[PDB]
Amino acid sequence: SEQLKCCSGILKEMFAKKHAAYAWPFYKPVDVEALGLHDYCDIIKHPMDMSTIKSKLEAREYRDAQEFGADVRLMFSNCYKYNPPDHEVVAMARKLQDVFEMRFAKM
């Protein structure tokens, strides 16, 4: 229970104004109808995003912090898999993942 409270706090920080300039691509599910994304679901078998993670915390779907962390890392991994490594969204992902990993390590 205490683990999951910390997970909620980590996600709240990831949604916070101070990180918004690089966190915003991850707020909502990737829009697969947008121009250029017609192949997203062919490449990414398990989409994930911060609003879906929030809804799962609110439904108590995660039984512990490790399950929550797996979905956060899935979100970042999907970004690293789909996009070219030099893409601006990958640099944003690395920054937000640093925010996450330092908090998740220290809970």
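For every residue, the number given is its place in the sequence shown, counted from 1. Just so we're on the same page, rigid core means the largest C-alpha set that superposes within 1.5 Å between forms.
Participant: Of the stretches 23-31 and 36-44, which sits farther from where it is here in 7 other deposited structures of this protein, on average over its Cα atoms, after fitting the core?
Facilitator: Once the cores are fitted, 36-44 deviates more in 7 other deposited structures of this protein.
Participant: Could you check the entry and say whether 59-67 or 28-36 has the higher mean CA B-factor?
Facilitator: Averaged over C-alpha atoms, the B-factors run higher in 28-36.
Participant: Pick between 49-57 and 78-86: the one whose mean CA B-factor in the entry is higher.
Facilitator: The entry gives the higher C-alpha B-factor average to 78-86.
Participant: C-alpha B factor of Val72, ranked within the chain: lowest, middle or highest third?
Facilitator: For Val72, the deposited C-alpha B-factor lands in the lowest third.
Participant: Lowest, middle or highest third: where is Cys7 by Cα B-factor in its chain?
Facilitator: Answer is middle: the recorded C-alpha B-factor places it there.
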